[PDB]
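Everything on this sheet refers to the single structure shown next.
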Amino acid sequence: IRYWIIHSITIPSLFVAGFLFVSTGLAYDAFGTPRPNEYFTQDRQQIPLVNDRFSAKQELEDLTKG
Amino acid sequence: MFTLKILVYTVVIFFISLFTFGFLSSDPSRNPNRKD
Amino acid sequence: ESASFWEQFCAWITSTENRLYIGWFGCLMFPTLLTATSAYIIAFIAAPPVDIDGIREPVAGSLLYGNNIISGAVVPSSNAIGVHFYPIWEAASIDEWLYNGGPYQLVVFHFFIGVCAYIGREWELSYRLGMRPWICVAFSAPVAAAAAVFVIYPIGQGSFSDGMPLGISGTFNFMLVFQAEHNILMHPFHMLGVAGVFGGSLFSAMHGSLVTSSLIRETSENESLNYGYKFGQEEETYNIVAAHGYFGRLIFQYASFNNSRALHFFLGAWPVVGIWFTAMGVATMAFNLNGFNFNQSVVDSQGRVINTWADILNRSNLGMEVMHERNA
Amino acid sequence: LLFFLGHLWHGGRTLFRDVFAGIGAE
Amino acid sequence: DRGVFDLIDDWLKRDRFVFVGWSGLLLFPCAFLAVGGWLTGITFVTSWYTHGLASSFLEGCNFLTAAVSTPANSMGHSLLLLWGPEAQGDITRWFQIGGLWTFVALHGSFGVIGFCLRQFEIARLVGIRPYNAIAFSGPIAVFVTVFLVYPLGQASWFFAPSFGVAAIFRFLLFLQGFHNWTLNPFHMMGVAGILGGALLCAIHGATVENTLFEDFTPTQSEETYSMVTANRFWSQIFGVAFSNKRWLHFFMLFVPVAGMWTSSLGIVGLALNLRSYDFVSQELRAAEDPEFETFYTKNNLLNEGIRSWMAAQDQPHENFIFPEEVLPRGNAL
Amino acid sequence: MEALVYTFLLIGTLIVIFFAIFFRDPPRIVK
Amino acid sequence: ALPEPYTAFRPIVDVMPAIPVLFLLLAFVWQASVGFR
Amino acid sequence: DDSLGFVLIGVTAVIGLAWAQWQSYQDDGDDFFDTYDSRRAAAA
Amino acid sequence: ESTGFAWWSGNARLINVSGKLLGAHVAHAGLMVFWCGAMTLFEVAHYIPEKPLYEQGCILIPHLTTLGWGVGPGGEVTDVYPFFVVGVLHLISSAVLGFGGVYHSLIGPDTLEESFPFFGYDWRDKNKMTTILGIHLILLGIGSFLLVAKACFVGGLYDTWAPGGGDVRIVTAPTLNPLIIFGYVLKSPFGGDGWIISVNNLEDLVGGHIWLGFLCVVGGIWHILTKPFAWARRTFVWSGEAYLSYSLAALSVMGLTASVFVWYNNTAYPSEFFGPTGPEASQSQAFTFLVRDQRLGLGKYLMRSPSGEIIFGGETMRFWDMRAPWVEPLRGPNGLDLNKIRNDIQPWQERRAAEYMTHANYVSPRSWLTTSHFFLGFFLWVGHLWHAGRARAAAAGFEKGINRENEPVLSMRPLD
Amino acid sequence: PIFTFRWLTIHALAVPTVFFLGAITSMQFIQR
Amino acid sequence: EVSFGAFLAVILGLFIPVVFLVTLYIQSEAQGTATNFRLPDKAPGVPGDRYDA
Ligand code: CLA
Ligand code: CLA
Ligand SMILES: CC1=C(/C=C/C(C)=C/C=C/C(C)=C/C=C/C=C(C)/C=C/C=C(C)/C=C/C2=C(C)CCCC2(C)C)C(C)(C)CCC1
Ligand SMILES: CC1=C(/C=C/C(C)=C/C=C/C(C)=C/C=C/C=C(C)/C=C/C=C(C)/C=C/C2=C(C)CCCC2(C)C)C(C)(C)CCC1
Ligand SMILES: CCCCCCCCCCCCO[C@H]1O[C@H](CO)[C@@H](O[C@H]2O[C@H](CO)[C@@H](O)[C@H](O)[C@H]2O)[C@H](O)[C@H]1O
Ligand SMILES: [Fe+2]
């Protein structure tokens with residue numbers, strides 16, 4: 001019964017933590033998933049694809065900026 | 001051809017009647033647990 | 001006092017001493033299946049091309065007309081026939097009967113009657129031998145699939161030309177056209193069928209490896225272990241507790257189907273139910289109740305469509321569909 | 001790829017040489 | 001027992017709620033990371049920068065359309081390590097370039113190695129022959145050829161299947177359209193083994209349940225179903241019947257496993273585009289004679305329809321601007 | 001020539017099936 | 001839609017279809033209550 | 001022949017008389033109280 | 001346990017318990033009536049007056065407009081009140097049936113053979129089962145006569161083949177000729193002539209229901225007053241599971257038949273409430289396109305069949321057996337008469353085919369009815385196989401398994 | 001707290017499952 | 001054009017393993033080991049008794 005009373009608080013705490021991880025937009029920044037308003041930008045109307053292997057990190061940074 | 005139709009019709013009816021009258025020939029008795 | 005001829009005929013038909021059991025269902029099964037077998041062999045070896053499309057462009061399906069075993073098929077009936085009954089005596093000539101795909105109708109109808117009578121014959125022999133009669137229920141699933149692929153899909157589509165061709169490449173063509181028109185891959189019943197077939201192969205390999213693993217030593221060294229089993233013996237040929245302990249330790253502490261009865265019921269039931277559901281999925285897609293459509297399900301804030309994998313699948317379906325709809 | 005299968009087969013036959021004619025009935 | 005190795009060996013083989021063993025040191029972390037990595041990808045990680053697709057629950061996908069998509073074509077056959085020269089430790093850029101796919105595939109590869117080692121380990125502990133490990137080599141061969149050998153022969157990891165339901169459905173139609181995979185005799189042997197395995201599962205389970213003896217106690221020395229009755233039934237129904245119980249169960253092992261192994265050999269050929277695409281004599285005949293048409297020639301037309309209509313969106317890294325006149329149509333043929 | 005080979009192979013397969021059915025090893029029950 | 005004197009009975013109508021199907025789940029919980037005798 | 005019903009009538013008659021000959025020496029006049037009739041008069 | 005059946009097959013414990021069997025059957029009937037009334041209440045609650053019935057997923061209201069309740073000329077829906085009283089009546093009858101079934105299952109007379117010899121029965125007592133079958137056959141014939149009373153005396157039936165676009169028409173001259181009525185039953189089931197599905201007018205419908213009601217009535221008194229003959233007694237299995245299996249086979253046949261019926265026939269299921277059929281929609285597209293091309297100012301839109309029939313060309317030529325109330329006025333002796341096409345095409349046919357063009361994400365109620373009742377028919381055939389096998393094996397006595405002491409196969413000589 | 005195997009193994013599955021379940025629930029309230 | 005080497009592939013690919021199986025069965029019949037309805041070996045090189053004596 002001692003473990004039940006600590007599961008009664010940690011399970012809602014973990015569920016709320018997962019809920020706030022998405023509702024605050026932290027999931028988009030952590031995983032690089034674009035929000036619905038940033039699939040396309042004003043200066044980029046095409047699908048943003050990585051075209052170079054070893055410059056992939058830089059290419060993503062100069063394209064996802066703003 | 002009409003003759004081919006006649007032969008096919010009588011063959012089909014022959015086999016169907018074999019099936020039908022065979023299952024009417026006391027089929028539930030033809031089992032190994034028959035009570036003598 | 002002499003036995004009537006019908007009594008001797010009934011005794012011979014339902015005799016369990018025949019090499020192949022005939023039975024009353026076999027009185028329908030043997031002449032229909034032998035009719036469809038000889039007709040299929042003749043039409044596969046030599047048959048003129050069938051104008052399946054109905055617009056005087058024939059499709060060659062026989063070996064003598066330039067195709068191999070893979071591309072050979074008994075081409076479905078013509079689109080002009082539709083679902084009309086087309087026996088050999090209702091055609092003006094044998095040439096016109098072969099030109100319109102009559103062999104397909106003959107073989108398909110005789111085969112369908114033969115497999116239904118095969119179900120009945122399986123019940124019949126189970127009855128004469130004094131065993132439980134549910135093997136025919138297990139065979140009812142591939143029969144249902146064949147019925148949906150050969151009879152029921154033409155009924156829903158309104159033409160026997162849409163039935164599955166009696167060939168290998170024709171089967172692949174049927175699969176591609178069906179995917180283009182109905183998206184069977186996204187149908188939940190085809191998912192249940194794939195689950196049934198994949199799981200049936202899994203459970204067959206699993207059960208076979210479990211029994212083969214725990215065989216009790218009865219033969220000498222490098223001799224075939226199959227001589228350790230005697231046909232008609234009473235004792236068990238494998239160690240059931242060792243196999244159960246292995247399967248229990250493999251996944252979690254108590255997971256082995258300790259009762260072999262429910263294990264074998266599960267083995268007999270899983271792919272049968274899966275094939276039942278995929279047969280009913282194919283049959284329901286005949287009446288345009290297609291699979292899941294997740295097209296254009298993701299859009300951005302400005303309304304632009306972001307594709308998913310379903311969109312790529314739809315592009316493949318659209319390509320097959322536009323190459324199939326010949327001047328729609 | 002086929003020789004990967006032979007490695008599994010001949011590897012199993014080595015480590016299970018005592019029981020490859022069958023196991024005990026108990 | 002004697003040394004420190006012996007105490008660890010005794011602890012790993014101890015009868016607990018789940019067996020660990022020495023193979024569990026490789027199986028348990030690799031399998032947990034592969035499954036956990038897949039669940040992470042289908043929930044949060046997108047495929048926008050590799051495929052131009054939304055493939056996560058965060059973007060609106062459901063379970064059927066979410067996937068862990070393959071890396072970008074520019075990555076090649078890179079291992080795409082988190083510390084590698086492509087991501088350089090940045091886990092956010094690692095997710096965007098498809099590094100989670102190589103994470104799931106590589107940890108899944110060592111996971112199935114650890115599971116097959118686990119099958120060997122428990123068989124030696126219980127004391128039975130290792131036939132379950134041989135039977136699992138079928139799924140190992142399918143996973144290795146399809147998810148590793150096929151992209152390694154292709155241009156990049158991009159053309160491997162993506163870990164998703166609808167993504168696998170694309171991979172089926174991709175290999176049909178581009179390789180004519182249904183016409184490959186090795187896939188045909190695979191279909192025979194897999195459909196035959198489902199037949200063997202259904203027919204053996206029904207036969208045992210129906211030839212049952214009127215009485216399963218776990219310690220039953222006697223068989224619960226009549227093999228003589230079952231042999232008599234199938235000899236008169238089908239013509240032939242099993243008479244050896246041991247041969248019947250090896251056959252239940254052999255048919256689906258040989259189907260996995262035969263189809264894996266054809267996938268290796270498909271990795272190098274050594275495909276069974278065409279019958280040359282039938283293709284030459286249809287070229288000179290436009291009236292000639294078989295079901296194989298109609299299938300090659302559908303393969304051309306698959307290829308040209310998906311290539312623009314299936315392979316977005318290449319431009320593939322196809323005007324409507326060059327798109328193949330049955331109407332304008 | 002090819003169609004002759006295909007027909008020979010199929011007919012030989014059916015002959016093998018016929019022999020496997022009717023000239024099989026007769027099952028004997030152990031005594 | 002529904003006649004004017006019975007328009008107040010609109011919300012109860014939408015759950016009317018689901019009563020026959022929930023009788024099937026009632027048989028399962030009844031057996032689960034007795035422990036599947 | 002001509003109206004195709006004589007082929008139907010004629011064939012089921014011929015097999016019907018064979019079945020009626022078998023049915024003649026069946027002592028099925030008495031009614032039984034069972035799930036199925038196990039009485040079959042086999043002449044030989 | 002006591003009966004040997006587990007919880008997952010617990011309804012098999014009611015085979016020899018007639019009182020609880022009656023309670024279970026009456027409760028299931030109450031559930032059926034409850035669904036019927038609640039579904040038509042749900043359909044009238046969501047019914048939009050401007051849209052057609054087939055555009056809002058209605059399956060029970062179209063069954064009511066076919067009977068001539070709350071329907072005007074041309075297929076228009078006028079009043080929702082008759083559907084409402086049908087729903088309310090089915091709800092109240094369902095409450096009564098549910099109470100009766102609950103009573104007979106729980107607190108009623110268990111094994112009522114001793115208390116009520118008229119209602120009690122044994123599965124092997126062939127006289128009693130034939131009596132019950134005859135009573136229910138009489139009730140079925142009375143129901144068919146109730147449909148004929150609706151068709152010929154009370155209001156009428158919606159005739160989709162009425163001139164001008166269809167109307168509720170009271171039929172006064174039913175087709176009583178048994179040659180036509182039973183030639184429908186003996187009709188081939190293939191293309192062209194579609195067995196019973198090919199009924200194309202109200203007269204054959206009401207006449208066939210007259211013949212069916214008369215046949216069911218006389219068969220009911222026949223089965224009440226007689227006993228099964230010697231051949232029937234020696235052929236069948238006399239047990240409850242066997243009777244269930246026979247009913248399952250019959251019900252499976254009827255389910256598949258009704259699936260094809262709602263898919264193809266547009267007479268008992270008019271295209272004004274159930275929507276067009278597949279062939280109907282295809283010929284509608286072809287006909288409307290031909291109307292546009294003719295209004296623009298042989299033609300490629302039509303083709304000459306080998307039987308001298310003028311029919312639509314293209315892929316639509318496989319549906320040349322389609323008959324619709326908006327094609328028959330323009331169809332003469334040789335089919336689609338060219339003179340009749342551009343001379344007297346009324347504007348009600350023009351909108352109907354254009355309306356059927358769009359109903360070629362949408363699933364028609366015909367598709368739902370066809371697919372659902374086909375699924376049910378197939379699985380009822382599977383249930384027939386299961387229960388027929390189990391009834392035969394349980395009657396013979398080896399449904400529990402093979403006896404070890406006397407195995408039947410061991411007594412037979414070797415096969416080869 | 002720390003069992004030999006059980007506590008670490010079941011928390012390795014339960015802790016991310018509940019966190020993911022909370023994250024899935026929050027996705028149902030995103031308007032797109 | 002009939003592929004000459006393909007004919008040998010079909011013929012010799014069928015003939016040679018069929019020959020090997022037929023030769024193995026025929027010498028097995030001479031030793032009385034061509035039936036599976038016999039007991040296991042009573043001694044090395046000595047086949048077991050058949051089920052029907
Ligand atoms: C009018 C039809 C009818 C009747 C009166 C019976 C009567 C009987 N059957 Mg038979 N049966 C039928 C149709 C029928 N069956 C059909 C169509 C099939 C083919 C599937 C079968 C196959 C069958 C088998 C295989 C068995 C029976 C058995 C039985 C007995 C016990 C049944 C029981 O306890 O239910 C228990 C009911 C359940 C456990 C319900 C299971 C869940 C179902 C499948 C859900 C279906 C989905 C539903 C439409 C939507 C639900 C969605 C969601 C809410 C879950 C009883 C004598 C059993 C017996 O032992 O033999 C005498 C037995 O083993 N039946
Ligand atoms: C159509 C559904 C249906 C019906 C009508 C029945 C009918 C019956 N079953 Mg079956 N059953 C079903 C489906 C059904 N079964 C399914 C799906 C399963 C698988 C889980 C079973 C498994 C099963 C088993 C294992 C057994 C039965 C038994 C019985 C009988 C006694 C039940 C009892 O004692 O209740 C007692 C119930 C209670 C005390 C609680 C429920 C109280 C009521 C009935 C709830 C409903 C109240 C209702 C809403 C009131 C409305 C009244 C209002 C209209 C005026 C009864 C005739 C038994 C048997 O065969 O013979 C004795 C038995 O052992 N059933
Ligand atoms: C035995 C048994 C069983 C069975 C039973 C049953 C199934 C029952 C049924 C029941 C029923 C079957 C019921 C019925 C009911 C009904 C009701 C109760 C009614 C009411 C009505 C009302 C209330 C109405 C009203 C209204 C109106 C009038 C108008 C509109 C609105 C409304 C709708 C509101 C079970 C399985 C469970 C369990 C076990 C045992
Ligand atoms: C309503 C209507 C109609 C109808 C009517 C009528 C006239 C009907 C009839 C019906 C009928 C008239 C039916 C019949 C049926 C029959 C059946 C269904 C049969 C079956 C049989 C059986 C089931 C048997 C079996 C067997 C054999 C064969 C052998 C031995 C064993 C046994 C016995 C099992 C019409 C369409 C006009 C129109 C619309 C309306
Ligand atoms: C990177 C993480 C480390 C991964 C290492 C994975 C190695 C796993 C190897 C296990 C498969 C090999 O099988 C292994 O089974 C047993 C372990 O239970 C070993 O030990 C066995 O030795 C004897 C065999 O005669 C038996 O008496 C012992 O009861 C048994 O424990 C076997 O010598 C070995 O054949
Ligand atoms: Fe087994």
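Ligands are numbered from 1 in the order shown, chains are lettered A, B, ... in the order of the structure tokens, and residues start at 1 in each chain.
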
At most 8 Å from ligand 1 (only C-alpha atoms and all ligand atoms): residue list as a ChimeraX atom specification = /G:21-22,24-25 /I:5,7-15,241,244,247-248,376,379-384,386-387,390

Just to be explicit: take each residue in the selection above, keep N, CA, C and O atoms, and write the result as an mmCIF file, in the first residue's frame.
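Contents of again_28.cif, freshly written:
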data_model
loop_
_atom_site.group_PDB
_atom_site.id
_atom_site.type_symbol
_atom_site.label_atom_id
_atom_site.label_comp_id
_atom_site.auth_asym_id
_atom_site.auth_seq_id
_atom_site.Cartn_x
_atom_site.Cartn_y
_atom_site.Cartn_z
ATOM 1 N N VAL G 21 -25.950 -3.266 -28.478
ATOM 2 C CA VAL G 21 -24.580 -3.772 -28.480
ATOM 3 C C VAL G 21 -24.033 -3.886 -27.058
ATOM 4 O O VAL G 21 -23.269 -4.811 -26.766
ATOM 5 N N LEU G 22 -24.451 -3.007 -26.135
ATOM 6 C CA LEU G 22 -23.938 -3.095 -24.772
ATOM 7 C C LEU G 22 -24.561 -4.241 -23.986
ATOM 8 O O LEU G 22 -24.042 -4.589 -22.920
ATOM 9 N N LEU G 24 -24.423 -7.184 -25.127
ATOM 10 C CA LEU G 24 -23.420 -8.217 -25.358
ATOM 11 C C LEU G 24 -22.274 -8.097 -24.362
ATOM 12 O O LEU G 24 -21.784 -9.107 -23.840
ATOM 13 N N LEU G 25 -21.842 -6.863 -24.068
ATOM 14 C CA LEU G 25 -20.812 -6.684 -23.049
ATOM 15 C C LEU G 25 -21.354 -6.932 -21.650
ATOM 16 O O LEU G 25 -20.572 -7.166 -20.724
ATOM 17 N N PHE I 5 -20.199 -27.890 -20.901
ATOM 18 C CA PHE I 5 -19.933 -26.696 -21.686
ATOM 19 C C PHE I 5 -19.313 -25.617 -20.810
ATOM 20 O O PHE I 5 -19.766 -25.373 -19.689
ATOM 21 N N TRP I 7 -17.868 -21.523 -20.169
ATOM 22 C CA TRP I 7 -18.585 -20.251 -20.169
ATOM 23 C C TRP I 7 -18.678 -19.660 -21.571
ATOM 24 O O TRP I 7 -19.671 -19.004 -21.906
ATOM 25 N N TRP I 8 -17.657 -19.877 -22.407
ATOM 26 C CA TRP I 8 -17.661 -19.301 -23.746
ATOM 27 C C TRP I 8 -18.630 -20.010 -24.683
ATOM 28 O O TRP I 8 -18.917 -19.491 -25.765
ATOM 29 N N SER I 9 -19.125 -21.183 -24.300
ATOM 30 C CA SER I 9 -20.188 -21.883 -25.007
ATOM 31 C C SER I 9 -21.352 -22.138 -24.061
ATOM 32 O O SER I 9 -21.942 -23.220 -24.042
ATOM 33 N N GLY I 10 -21.690 -21.126 -23.259
ATOM 34 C CA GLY I 10 -22.667 -21.315 -22.202
ATOM 35 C C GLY I 10 -24.101 -21.356 -22.678
ATOM 36 O O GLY I 10 -24.979 -21.842 -21.961
ATOM 37 N N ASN I 11 -24.371 -20.846 -23.880
ATOM 38 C CA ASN I 11 -25.729 -20.930 -24.402
ATOM 39 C C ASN I 11 -26.069 -22.335 -24.877
ATOM 40 O O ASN I 11 -27.242 -22.626 -25.125
ATOM 41 N N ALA I 12 -25.068 -23.214 -24.996
ATOM 42 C CA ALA I 12 -25.323 -24.616 -25.303
ATOM 43 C C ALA I 12 -25.921 -25.363 -24.118
ATOM 44 O O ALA I 12 -26.388 -26.494 -24.286
ATOM 45 N N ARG I 13 -25.908 -24.764 -22.926
ATOM 46 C CA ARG I 13 -26.534 -25.370 -21.759
ATOM 47 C C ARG I 13 -28.054 -25.270 -21.795
ATOM 48 O O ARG I 13 -28.717 -25.886 -20.954
ATOM 49 N N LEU I 14 -28.613 -24.521 -22.742
ATOM 50 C CA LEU I 14 -30.049 -24.320 -22.870
ATOM 51 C C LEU I 14 -30.693 -25.227 -23.909
ATOM 52 O O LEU I 14 -31.849 -24.991 -24.276
ATOM 53 N N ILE I 15 -29.971 -26.234 -24.410
ATOM 54 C CA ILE I 15 -30.504 -27.091 -25.470
ATOM 55 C C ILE I 15 -31.674 -27.920 -24.951
ATOM 56 O O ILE I 15 -32.738 -27.994 -25.579
ATOM 57 N N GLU I 241 -29.753 -29.084 -32.258
ATOM 58 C CA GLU I 241 -28.620 -28.569 -33.018
ATOM 59 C C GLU I 241 -28.808 -28.800 -34.511
ATOM 60 O O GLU I 241 -28.420 -27.959 -35.331
ATOM 61 N N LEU I 244 -31.275 -26.218 -35.747
ATOM 62 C CA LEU I 244 -30.535 -24.964 -35.814
ATOM 63 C C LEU I 244 -29.654 -24.909 -37.053
ATOM 64 O O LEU I 244 -29.566 -23.869 -37.708
ATOM 65 N N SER I 247 -31.799 -24.307 -40.154
ATOM 66 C CA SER I 247 -32.194 -22.904 -40.166
ATOM 67 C C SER I 247 -31.022 -22.006 -40.540
ATOM 68 O O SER I 247 -31.200 -20.988 -41.212
ATOM 69 N N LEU I 248 -29.811 -22.374 -40.113
ATOM 70 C CA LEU I 248 -28.627 -21.592 -40.452
ATOM 71 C C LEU I 248 -28.333 -21.652 -41.943
ATOM 72 O O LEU I 248 -27.975 -20.636 -42.548
ATOM 73 N N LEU I 376 -22.778 -11.478 -43.173
ATOM 74 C CA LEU I 376 -23.622 -12.289 -42.303
ATOM 75 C C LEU I 376 -24.038 -13.595 -42.974
ATOM 76 O O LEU I 376 -24.056 -14.643 -42.323
ATOM 77 N N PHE I 379 -20.979 -16.032 -43.001
ATOM 78 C CA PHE I 379 -20.648 -16.596 -41.699
ATOM 79 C C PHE I 379 -21.776 -17.466 -41.163
ATOM 80 O O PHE I 379 -21.520 -18.397 -40.393
ATOM 81 N N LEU I 380 -23.011 -17.239 -41.611
ATOM 82 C CA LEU I 380 -24.082 -18.158 -41.252
ATOM 83 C C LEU I 380 -23.956 -19.478 -42.004
ATOM 84 O O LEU I 380 -24.351 -20.522 -41.478
ATOM 85 N N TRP I 381 -23.404 -19.460 -43.222
ATOM 86 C CA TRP I 381 -23.086 -20.722 -43.892
ATOM 87 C C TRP I 381 -22.002 -21.488 -43.137
ATOM 88 O O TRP I 381 -22.066 -22.722 -43.014
ATOM 89 N N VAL I 382 -20.996 -20.767 -42.636
ATOM 90 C CA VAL I 382 -19.957 -21.388 -41.809
ATOM 91 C C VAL I 382 -20.570 -21.987 -40.543
ATOM 92 O O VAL I 382 -20.231 -23.109 -40.133
ATOM 93 N N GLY I 383 -21.497 -21.255 -39.922
ATOM 94 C CA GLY I 383 -22.198 -21.778 -38.761
ATOM 95 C C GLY I 383 -23.054 -22.987 -39.084
ATOM 96 O O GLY I 383 -23.209 -23.884 -38.252
ATOM 97 N N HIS I 384 -23.629 -23.022 -40.289
ATOM 98 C CA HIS I 384 -24.362 -24.204 -40.732
ATOM 99 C C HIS I 384 -23.441 -25.407 -40.825
ATOM 100 O O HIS I 384 -23.803 -26.508 -40.403
ATOM 101 N N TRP I 386 -20.629 -25.896 -39.152
ATOM 102 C CA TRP I 386 -20.257 -26.274 -37.789
ATOM 103 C C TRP I 386 -21.381 -27.029 -37.088
ATOM 104 O O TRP I 386 -21.168 -28.129 -36.562
ATOM 105 N N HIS I 387 -22.587 -26.459 -37.080
ATOM 106 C CA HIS I 387 -23.673 -27.057 -36.313
ATOM 107 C C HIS I 387 -24.202 -28.323 -36.975
ATOM 108 O O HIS I 387 -24.624 -29.249 -36.277
ATOM 109 N N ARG I 390 -21.607 -30.995 -36.061
ATOM 110 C CA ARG I 390 -21.695 -31.338 -34.646
ATOM 111 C C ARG I 390 -22.979 -32.088 -34.325
ATOM 112 O O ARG I 390 -22.967 -33.005 -33.503
#

task = Give as JSON, numbers by chain every residue of chain C that touches chain B within 10 Å, counting only C-alpha atoms.
result = {"C": [6, 7, 9, 10, 11, 13, 14, 15, 23, 24, 25, 26, 27, 28, 29, 31, 32, 87, 88, 89, 90, 91, 92, 93, 94, 124, 125, 126, 127, 128, 129, 130, 131]}

query = Do you know which residues are within 12 Å of ligand 5 using only C-alpha atoms and all ligand atoms? Can you write them as a count of residues only?
reply = 53

Go through the chains and note each residue within 6 Å of ligand 4, using only C-alpha atoms and all ligand atoms, then give the set as a CSV table (one decimal) with C-alpha atoms, in the first residue's frame.
chain,number,residue,atom,x,y,z
B,20,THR,CA,-29.7,-36.7,-53.9
B,23,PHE,CA,-28.2,-38.9,-49.3
B,24,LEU,CA,-31.8,-40.2,-49.0
I,181,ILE,CA,-44.5,-16.4,-60.6
I,182,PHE,CA,-42.7,-19.7,-60.4
I,184,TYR,CA,-39.2,-16.2,-61.5
I,185,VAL,CA,-38.1,-18.9,-59.0
I,196,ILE,CA,-35.7,-13.6,-58.2
I,204,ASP,CA,-45.3,-9.7,-60.0
I,205,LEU,CA,-44.2,-8.7,-56.4
I,208,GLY,CA,-45.7,-13.7,-55.7
I,209,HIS,CA,-46.4,-12.7,-52.2
I,211,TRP,CA,-48.6,-17.3,-53.8
I,212,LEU,CA,-46.1,-17.4,-51.0

message = Any residue with an atom at most 7 Å from ligand 3 counts, using only C-alpha atoms and all ligand atoms. Which are they? Put them as a ChimeraX atom specification.
response = /G:6,9,12-13,23-24,26-27 /I:23-24,27-28,30-31,34,88,91-92,94-95,97-99,101-102,105-106

inquiry  = Using only C-alpha atoms, I'd like every residue of chain H that has an atom within 10 Å of chain B; please write them out as an MDAnalysis selection string.
reply    = chainID H and resid 1:2 4:16 18:20 22:23 26 35:41

ask   = Near residue E:179, within 8 Å and counting only C-alpha atoms, which residues show up once chain neighbours fewer than 5 positions away are dropped, as a PyMOL selection string?
value = chain E and resi 174+270+273+275-277
